[PDB]
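Data first, discussion second: the structure below is written as structure tokens.
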Amino acid sequence: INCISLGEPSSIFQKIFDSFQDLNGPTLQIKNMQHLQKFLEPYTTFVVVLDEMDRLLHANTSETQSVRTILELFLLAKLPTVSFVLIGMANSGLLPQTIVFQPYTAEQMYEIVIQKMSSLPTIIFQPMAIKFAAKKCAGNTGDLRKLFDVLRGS
Amino acid sequence: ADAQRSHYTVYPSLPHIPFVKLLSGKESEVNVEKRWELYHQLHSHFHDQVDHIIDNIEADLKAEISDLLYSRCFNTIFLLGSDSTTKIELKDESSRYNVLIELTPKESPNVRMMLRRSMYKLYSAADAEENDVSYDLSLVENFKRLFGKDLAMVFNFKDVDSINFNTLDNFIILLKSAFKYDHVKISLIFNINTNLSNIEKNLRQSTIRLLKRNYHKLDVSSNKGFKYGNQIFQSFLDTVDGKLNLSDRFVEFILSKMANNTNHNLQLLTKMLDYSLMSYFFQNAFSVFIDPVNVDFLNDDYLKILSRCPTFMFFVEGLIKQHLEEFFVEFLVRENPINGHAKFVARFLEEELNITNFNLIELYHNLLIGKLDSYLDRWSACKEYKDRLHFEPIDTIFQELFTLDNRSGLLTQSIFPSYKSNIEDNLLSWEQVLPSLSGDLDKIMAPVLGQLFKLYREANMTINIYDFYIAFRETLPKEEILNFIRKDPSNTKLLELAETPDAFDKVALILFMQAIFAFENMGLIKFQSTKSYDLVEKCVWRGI
Amino acid sequence: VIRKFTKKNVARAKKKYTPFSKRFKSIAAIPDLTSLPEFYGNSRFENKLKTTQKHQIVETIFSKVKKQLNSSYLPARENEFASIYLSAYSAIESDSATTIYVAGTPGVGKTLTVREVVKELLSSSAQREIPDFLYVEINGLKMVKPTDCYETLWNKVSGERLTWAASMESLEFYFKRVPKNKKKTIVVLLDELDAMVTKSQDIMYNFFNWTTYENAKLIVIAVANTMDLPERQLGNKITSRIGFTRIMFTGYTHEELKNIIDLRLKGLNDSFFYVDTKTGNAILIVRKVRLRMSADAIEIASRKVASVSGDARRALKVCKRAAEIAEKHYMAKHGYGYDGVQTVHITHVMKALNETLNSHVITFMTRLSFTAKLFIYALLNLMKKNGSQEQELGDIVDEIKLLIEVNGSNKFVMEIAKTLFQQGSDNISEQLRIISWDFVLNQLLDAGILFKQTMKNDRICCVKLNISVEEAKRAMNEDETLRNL
DNA sequence: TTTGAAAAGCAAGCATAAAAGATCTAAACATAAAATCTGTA
DNA sequence: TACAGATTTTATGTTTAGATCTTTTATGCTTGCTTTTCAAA
Ligand SMILES: Nc1ncnc2c1ncn2[C@@H]1O[C@H](COP(=O)(O)OP(=O)(O)OP(=O)(O)O)[C@@H](O)[C@H]1O
Ligand SMILES: [Mg+2]
């Protein structure tokens with residue numbers, strides 16, 4: 001589920017229900033994490049991947065109501081006798097396990113480019129050019145998208 | 001953790017009378033049951049009459065408001081001492097809708113909101129009594145065309161001493177514009193608790209001239225002629241008569257505490273009387289013998305503490321200088337007619353003499369102390385009954401187990417404590433609160449709050465917190481701190497911090513910062529600057 | 001039931017609330033959407049502005065020039081055209097999703113170039129060498145709400161009409177989940193991109209994040225006014241998704257502007273018309289009259305416009321204004337009405353370039369009454385004396401009174417003082433303000449010459465000059481009475 | 001009984017805390033048309 | 001299947017409670033010179 005493309009952060013439980021319950025069966029109206037917590041008791045491990053969960057804070061209000069959704073999601077993925085895991089991707093003891101994806105180096109960028117172009121029969125690039133582009137794209141915060149734009153523009 | 005929440009519900013896991021065993025744990029459980037039951041009959045008998053008195057207060061006040069309301073200008077009523085809780089009711093009079101519109105300072109941020117709430121209440125009442133409209137004064141203009149009836153509006157301005165006076169002035173000038181309509185009459189009720197002149201000098205003089213055309217005044221407050229206090233205390237005297245007598249010091253305690261409260265002194269009187277009755281039925285074991293059928297339940301402890309009376313002291317000293325259970329059980333029949341005499345002189349005082357501005361509690365106090373004649377030598381109309389109304393109290397024997405007296409200082413700790421004085425005295429003389437039983441450290445060093453307060457009390461305007469911390473260090477002993485900090489080998493971090501050569505100063509700084517922010521939370525100390533945190537100001541002084 | 005307030009003018013559109021994710025029961029249940037009768041584009045107002053022409057209008061010798069120089073009718077943009085066309089053609093032919101960022105100053109041909117690119121792409125798709133696509137045009141300044149773009153784009157894709165939130169999850173479902181074989185390529189022109197910038201920046205993220213989806217087949221061509229917009233207003237996610245490649249449209253040089261104007265003046269310049277001398281109507285091939293607009297005039301206008309903005313709109317409007325000045329002089333000379341050589345000279349071009357430069361503010365202050373000039377003179381005197389940019393109105397009153405009472409021996413002051421303080425009348429007492437004091441104060445406030453703060457005490461209220469001090473000084477010492485003293 | 005001298009007092013200077021309010025914004029409170037659900041006929 | 005009615009969705013208006021920032025004014029420390037009341041000759 002991509003969190004930004006939802007109209008409100010309060011309906012995501014419903015969309016989780018709208019991702020899981022079949023259309024032929026009854027369609028209950030999920031208001032909060034209590035209804036989803038009731039829904040997941042008779043079960044089969046439920047995996048959700050929330051992309052941009054950082055946009056699950058509220059830009060208004062203050063500290064209290066800004067965390068209103070992420071804390072109720074964290075409680076739902078930590079209470080016993082459910083099978084609801086929560087993978088959250090955001091941009092830069094019940095606390096979630098933290099994995100920090102690192103910015104790529106030049107050699108990692110070179111290996112990704114060679115692996116993506118290995119399906120092609122003939123490489124139209126000299127490898128030194130890919131190395132030069134990768135080392136110019138390997139700054140303090142260098143991303144693979146910039147390398148793709150640079151090569152495509154080449 | 002529940003300690004880090006704002007609010008949480010706990011249902012405790014469960015696996016009948018709050019009265020305890022007296023006479024050093026030798027009172028029988030049946031006496032505990034009789035004390036509980038008999039306290040409940042006395043308490044219920046008091047509060048039934050208190051409830052009837054309270055409903056009489058509201059009924060008579062509603063009657064006089066309705067009298068003053070119905071017998072081209074406002075009809076203005078100034079209710080002095082209002083402390084507004086009255087539910088004013090109006091007539092069900094045909095061909096004219098009577099609407100009561102109540103306004104508070106919370107409902108009055110400006111004139112527009114006052115008019116909008118007034119017209120919404122007017123339309124709601126006129127729809128409930130029998131298309132949408134604009135909530136402005138033109139609804140008053142077209143009232144006969146929409147409902148066929150005349151309009152009588154009564155405005156109840158609740159807590160006028162809190163409302164903005166410019167807004168109230170402009171609302172009254174706005175309401176003046178409805179005087180050009182023949183079907184409208186307007187009444188205004190102002191609930192005042194300060195004075196008439198206070199509101200007279202916060203309104204413009206044209207509005208004062210407007211209100212002067214038709215205005216009446218009426219006193220509302222609970223100390224109006226004392227007759228509502230005088231009932232309630234007499235109701236207590238109708239409850240305790242023949243059972244216990246009141247002490248004179250308890251009655252003058254009542255007088256002083258009711259003289260300190262303006263708006264609500266009736267409920268304070270009821271609270272003090274109730275707490276005295278609770279204290280009596282919780283403390284004395286002789287309150288079973290208030291019921292005259294328990295006189296066979298005497299034991300050795302009852303007679304052993306019965307003989308320790310000053311009245312029994314004086315009686316047996318007189319009988320020894322002249323020349324027990326049966327002597328006790330026969331002397332419980334006298335009625336102590338001071339209450340009946342007080343009621344008799346009250347009904348004589350407003351029966352024919354027309355003296356009604358008296359306090360019955362003052363009369364009962366002067367009757368208790370024997371200075372009744374000095375009390376009724378003030379009115380100069382009852383000179384002819386200095387022997388008709390004369391009474392001499394009789395000091396009966398062992399009445400000090402059957403009494404309501406204020407000498408232990410319990411009422412002035414539970415109902416009106418010296419709060420901040422108690423806080424600073426427990427801070428400064430802590431040995432008083434804490435038992436005098438870390439064996440070698442508790443005898444030598446005070447608790448850190450008490451030592452810090454004793455260094456705090458002896459300081460100036462501005463305390464330099466570093467030098468104050470040095471003054472806190474020099475009171476502490478280094479040797480037994482270093483000895484006691486090594487008395488737990490399980491925690492090795494404490495031992496390796498104790499091995500450091502700057503251990504004592506560091507530990508003293510831990511205790512000093514903890515105690516300083518304890519005082520900052522309690523309000524004793526203040527950082528005058530938001531940043532820096534290098535100086536403090538004292539806030540509170542002992543004994544003020 | 002009695003309402004506390006009423007809403008009696010609510011107009012709600014017939015928009016459904018159920019999004020596209022719940023139309024069919026499965027991903028496999030979705031048909032090929034290119035065959036649906038409502039999807040992918042599968043006006044009634046044009047006849048409302050028709051009338052009956054019962055007259056015959058006269059089109060003169062300069063009428064065709066003015067009609068032809070309009071913005072409604074691609075020489076200098078061929079590298080930008082090639083870049084946009086090649087990126088979009090590669091994105092269409094490979095079934096890819098691509099963002100093309102184009103930025104520039106007003107009137108440099110951004111919208112024209114993107115529209116010419118999509119016309120050649122549709123013509124290329126009509127010859128069956130690239131797959132067919134749907135072209136959507138979304139202008140952010142033509143929306144009432146910024147979320148209405150969600151309303152617009154989905155209505156262009158499906159033909160349904162939904163509310164903006166349901167349209168947003170409909171577009172998300174369509175771009176991510178529906179496979180390529182059941183879809184059609186969509187090319188979206190987002191024009192005035194800054195107008196679609198909100199505090200949440202959700203529209204920006206959604207529109208540029210759909211171009212990162214594998215199944216989307218979406219080409220977003222975003223037109224900006226600056227190149228540093230994603231760094232200044234947008235976050236790092238949206239800046240990363242927009243990309244490093246960014247096409248800048250520079251302002252036109254004067255060669256390019258001259259080529260544009262000469263391209264619009266091909267077939268009319270150095271040509272002959274048949275002109276009626278009775279009415280004035282002229283026909284392109286009774287007198288045979290040759291029409292010219294000189295190349296030196298066009299090059300002067302092109303150089304001026306290229307140095308100021310490089311704007312094709314301004315170059316065309318300056319040429320049209322010069323032709324209208326010439327045509328007005330022509331109708332004045334020959335007495336023509338609105339029913340051998342005629343030239344748009346260089347002098348008309350200089351007049352058109354100078355009419356937006358002539359500084360009417362000084363002329364306006366020169367043509368004011370004596371009381372308004374006296375007010376401005378007193379205010380300037382106070383700024384000279386105490387050196388402050390804001391002066392209290394009571395100080396202006398006192399220094400006007402001092403200026404009247406010190407230079408009394410001037411004959412104009414002896415003529416004007418009774419008018420100023422009594423309106424030339426006995427039985428009118430002497431006035432604390434001058435006559436028309438509030439009138440000239442409000443008049444100078446209406447023009448923007450003055451700023452007045454919002455205070456209720458009229459004496460301590462401050463007044464500041466909003467115009468430059470030197471132009472007020474030259475307007476004041478143009479006046480013969482005020483420069484005398 | 002004096003004496004004088006350190007404590008108290010007064011005014012200028014100036015950095016700074018704070019009162020007042022201008023401007024705004026979130027949150028409770030409130031209404032409403034179109035769409036969607038829902039329980040039977 | 002369909003339909004009358006109840007509920008939801010989306011959309012906007014009304015009123016109160018509080019935050020933030022700006023401008024002007026009280027205030028609190030510093031420094032230098034003047035009075036003055038109580039611990040010793
Ligand atoms: N290369 C060109 N050749 C011919 N006419 C041009 C050219 N560039 C611009 N014009 C003229 O200028 C008009 C305005 O240009 P266009 O609408 O493309 O500007 P823009 O750069 O998108 O400006 P804005 O930022 O104001 O939207 C065009 O409609 C056309 O009449
Ligand atoms: Mg454009």
Side-chain angles (χ1 to χ4, degrees), chain C residues 64-85 88 99-121 135-143 146 149 152 187-197 207 219-230 232-233 242 246-269 293 295 298-299 301-324 352-353 356:
Chain C
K64 298 293 183 182
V65 181
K66 296 191 297 183
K67 288 150 37 73
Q68 181 65 16
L69 288 163
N70 286 347
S71 286
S72 303
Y73 293 116
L74 202 65
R77 298 291 186 206
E78 282 295 327
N79 302 332
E80 288 80 12
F81 187 89
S83 296
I84 296 159
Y85 184 73
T99 301
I100 306 170
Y101 192 95
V102 163
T105 43
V108 299
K110 309 179 292 275
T111 305
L112 194 63
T113 316
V114 178
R115 277 177 182 162
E116 287 294 326
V117 164
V118 306
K119 293 187 286 185
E120 184 178 1
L121 279 166
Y135 171 58
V136 184
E137 205 166 271
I138 299 162
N139 189 282
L141 276 170
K142 299 197 185 302
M143 301 312 319
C149 68
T152 307
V187 175
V188 175
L189 166 62
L190 295 183
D191 203 342
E192 330 288 333
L193 180 73
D194 49 291
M196 320 162 174
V197 165
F207 263 93
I219 294 142
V220 169
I221 306 181
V223 181
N225 47 10
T226 85
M227 287 267 282
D228 70 326
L229 194 144
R232 284 297 56 71
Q233 300 141 57
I242 280 159
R246 271 170 217 181
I247 298 169
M248 178 56 170
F249 273 57
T250 187
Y252 286 115
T253 67
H254 68 271
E255 307 61 17
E256 296 167 319
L257 286 176
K258 200 171 164 40
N259 287 328
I260 289 158
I261 303 289
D262 288 338
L263 209 61
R264 314 282 204 89
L265 289 190
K266 186 180 289 293
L268 282 72
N269 206 306
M293 184 176 177
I298 303 173
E299 180 191 33
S302 311
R303 280 169 184 269
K304 197 53 161 164
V305 168
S307 296
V308 176
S309 48
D311 199 318
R313 265 179 210 124
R314 184 88 290 192
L316 285 151
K317 282 183 186 294
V318 159
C319 286
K320 186 176 76 175
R321 178 62 180 148
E324 191 276 331
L353 285 174
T356 68

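Numbering of ligands and ligand atoms starts at 1, following listing order. All heavy atoms count here, side chains included; hydrogens, waters and symmetry mates do not. Order of the sequence lines sets the chain letters (A, B, ...), proteins ahead of strands, with each chain counted from 1.
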task: Heavy atoms only: give me the nearest C:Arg246-C:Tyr101 pair and the separation to one decimal.
output: CG-CD2, 3.5 Å
query: Can you list the residues that meet the ring pair (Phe, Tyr, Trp, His ring centres under 6.0 Å) rule with C:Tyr252, with sequence neighbours excluded?
result: none
- line: A student checking ligand 1 against C:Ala312 at a 4.0 Å heavy-atom cut-off should list atoms 9 (C), 10 (N), 11 (C), 12 (O)
query: What atoms in ligand 1 come closer than 4.0 Å to a heavy atom of C:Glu192?
result: 27 (O)
field: Short side-chain donor-acceptor distance under 3.5 Å, C:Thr226 and C:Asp228
entry: yes
message: Quick test of your reading of the model: are C:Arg303 and C:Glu299 salt-bridged, counting only N-O distances below 4.0 Å?
response: yes
message: Return the closest protein heavy atom for atom 29 (O) of ligand 1 as residue, atom name and distance.
response: C:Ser71 O, 3.1 Å
query: For atom 26 (O) of ligand 1, which protein heavy atom lies nearest, and how many Å away is it?
result: C:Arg313 NH1, 2.7 Å
query: Among all protein non-hydrogen atoms, which one is nearest to atom 22 (O) of ligand 1, and what is the separation to 0.1 Å?
result: C:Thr111 OG1, 3.0 Å
query: Excluding waters, which protein N, O or S atoms are within less than 2.8 Å of the Mg ion (ligand 2)?
result: C:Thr111 OG1
Atom 25 (O) of ligand 1: nearest protein contact (heavy atom, Å): C:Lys110 NZ, 2.8 Å
message: Could you go through C:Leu189 and C:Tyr135, starting from their C-alpha distance and side-chain angles, then the distance that decides it, and tell me whether this counts as side-chain contact (heavy atoms from CB on, under 4.5 Å)?
response: CA-CA 8 Å; C:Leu189 166 62; C:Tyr135 171 58; 3.3 Å; yes
task: Of all the heavy-atom pairs spanning C:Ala315 and C:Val305, show the shortest one and how long it is.
output: N-CG1, 3.7 Å
- prompt: atom 23 (O) of ligand 1: which of C:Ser72, C:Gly107, C:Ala76 has the nearest heavy atom?
  reply: C:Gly107
- prompt: Does any N or O atom in C:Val108 lie less than 3.5 angstrom from one in ligand 1, N or O only?
  reply: yes
query: Quick one: which ligand 1 atoms are inside 4.0 Å of a heavy atom on C:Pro75?
result: 3 (N)
Residues, nucleotides or ligands: over 12 heavy atoms within 6.0 Å of C:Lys258 NZ: yes
- prompt: Minimum heavy-atom separation for C:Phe249 to C:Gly109, with atom names?
  reply: CE2-O, 3.3 Å
- prompt: Which atoms of ligand 1 have any heavy atom of C:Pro106 under 4.0 Å away?
  reply: 23 (O), 24 (P), 25 (O), 26 (O)
- line: Ranked by distance from atom 30 (C) of ligand 1, the top protein heavy atom is C:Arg264 NH2, 3.5 Å
statement: C:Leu121 and C:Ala88 have their tightest heavy-atom pair at CD1-CB, 3.7 Å
task: Locate the shortest heavy-atom distance separating C:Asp311 from C:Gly107; write the atom from each residue and the value.
output: OD1-CA, 3.2 Å
message: Give me the nearest non-hydrogen protein atom to atom 4 (C) of ligand 1 as residue plus atom name, then the distance to 0.1 Å.
response: C:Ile260 CG2, 3.8 Å
statement: Of all protein heavy atoms, the one nearest atom 2 (C) of ligand 1 is C:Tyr252 OH, 3.6 Å
- prompt: Can you check whether C:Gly109 has an N/O within less than 3.5 Å of an N/O in ligand 1?
  reply: yes
Neighbour count >12 (heavy atoms, 6.0 Å) for atom NZ, C:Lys317: no
task: Just do the salt bridge (charged side-chain N to carboxylate O under 4.0 Å, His left out) check on C:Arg115 and C:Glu137 with the steps written out, would you?
output: CA-CA 10 Å; C:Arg115 277 177 182 162; C:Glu137 205 166 271; 2.8 Å; yes
message: Counting non-hydrogen protein atoms only, what is the nearest one to atom 6 (C) of ligand 1? Give residue, atom name and distance.
response: C:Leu112 CD2, 3.6 Å
- prompt: Closest approach of C:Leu190 and C:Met196, non-hydrogen atoms and distance?
  reply: CD2-CE, 3.8 Å
